[PDB]
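Participant: This is the structure I have questions about; it appears just below.
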Amino acid sequence: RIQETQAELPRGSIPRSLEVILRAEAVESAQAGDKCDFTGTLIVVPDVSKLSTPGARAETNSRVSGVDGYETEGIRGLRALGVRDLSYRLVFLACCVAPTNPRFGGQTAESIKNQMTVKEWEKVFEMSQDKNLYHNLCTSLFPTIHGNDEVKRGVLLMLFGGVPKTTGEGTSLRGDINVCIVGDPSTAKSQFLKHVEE
Amino acid sequence: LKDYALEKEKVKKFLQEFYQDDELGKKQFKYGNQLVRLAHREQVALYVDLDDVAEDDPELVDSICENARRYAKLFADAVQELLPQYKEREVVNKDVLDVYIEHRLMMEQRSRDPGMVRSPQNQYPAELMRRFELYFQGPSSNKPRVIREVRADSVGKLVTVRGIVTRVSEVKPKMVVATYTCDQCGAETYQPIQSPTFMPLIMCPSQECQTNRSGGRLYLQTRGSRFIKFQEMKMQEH
Ligand SMILES: Nc1ncnc2c1ncn2[C@@H]1O[C@H](COP(=O)(O)OP(=O)(O)O)[C@@H](O)[C@H]1O
Ligand SMILES: [Mg+2]
Ligand SMILES: [Zn+2]
């Protein structure tokens, strides 16, 4: 089940939802919450919809008629003529799925490196070798927020995270950090949240 | 167990020769004038006063109260048969149903063949050509009942009750006589409705289709069909 992206929404409308069918080799490529481009063919699949009102029906053109005692009427008549409702729902038969905005042009560090393109890996290596990368990343993430250098640093370290561990006894030592901003009204708390979300 | 032809003649006599001084001491033949207006199609509902009926024939009022639906139909048929002899000018075709009625009557006259005996299923249902309704104004003698006291002994009886309206639905179209048109013969089938529901017809019974032994499927039409404003309310005990 996929739904309309936020950008495409008209005014005062719920995001339209439809189901896409992934056949062989595309069967576990789309995951919940991801933004994905599906390429395929819009199709119609028959559905037994609980429409209270009669609509379109399909019946044979053969001009049969029931004899006395077997009058082709009522349920018997419908079953004899083969009357069947024609109700359809639009479904998408996606022959392929790709990420809408791929992270790499091409899950360990080596695998990510290979997935990266030559230019992308060169840029990543340059940033890694760049001293002052801390302040650079802070400014890039929050260029439009003045001050709050400590808050920006904390949010950056949150985005990076620590190393979760599991003790010999099985206790799962938390590895990711949580950050809470408490402050006076109109102090960019919601803005920090929106920056991180975007 | 009574002769309904005689009862019909009695109700016809009442409707045709009843009079009162409702207008400043002027004998005006109340129900005659109402019949005139009904024929002219300037009036839809006709309210027969059982007080007026009892003014001459109390036992007829008793029979009506004991079996109202039957006598409602008898009065309706009497008015139907009486309208032509009170008609004085041409109806202005108030609505689409009037257009349909005039078309059907015209083509029936066209294909009349007066002497030929027609199958009973080969005529227009009476309710399909009414354009009027007949109701009873309960007699003053009948004391109003109580919703709790109106029980099986009153089934089919003309009871008068009083109460508070706790609810009423909105006027809906309830089908009285379904109409169907065939894809082979160009003849109209009709299905009067008495049950709360119905099963739409599949095959056409027209003489032409039966002769040709064609498939003769027919389609339900909201155009030629007849509807009536329908409301469902709930009255409550005082
Ligand atoms: N220090 C700041 N730097 C940049 N913009 C700010 C700053 N403080 C407030 N604003 C602006 O004021 C508004 C209030 O921010 P908001 O996130 O709503 O604060 P709060 O979380 O208290 O509601 C935002 O539109 C934000 O852009
Ligand atoms: Mg806020
Ligand atoms: Zn037919």
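Since chain B takes its numbers from Swiss-Prot, the residues it shows come out as 3-240.
When the header is checked for method, it gives electron microscopy, 2.8 Å.
Every residue gets a Cβ built from N, Cα and C, even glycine.
Grabbed the feature section from Swiss-Prot, which reads as follows:
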- B:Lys15: SUMO2 cross-link (CROSSLNK)
- B:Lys28: SUMO2 cross-link (CROSSLNK)
- B:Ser121: phosphoserine (MOD_RES)
Participant: What is the Cβ neighbour count of B:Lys28 (SUMO2 cross-link) at a 10 Å cut-off, with all protein chains included?
Facilitator: 9
Participant: Validating a neighbour-count step here. Other CB atoms within 10 A of the CB of the residue listed as 'phosphoserine': how many?
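Facilitator: If we count other Cβ atoms within 10 Å of the residue listed as 'phosphoserine', we arrive at 8.
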Participant: Calculate the distance in Å between the alpha carbons (Cα) of B:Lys15 (SUMO2 cross-link) and B:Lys28 (SUMO2 cross-link), and round it to a whole number.
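Facilitator: So the Cα of B:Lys28 (SUMO2 cross-link) lies 20 Å away from that of B:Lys15 (SUMO2 cross-link).
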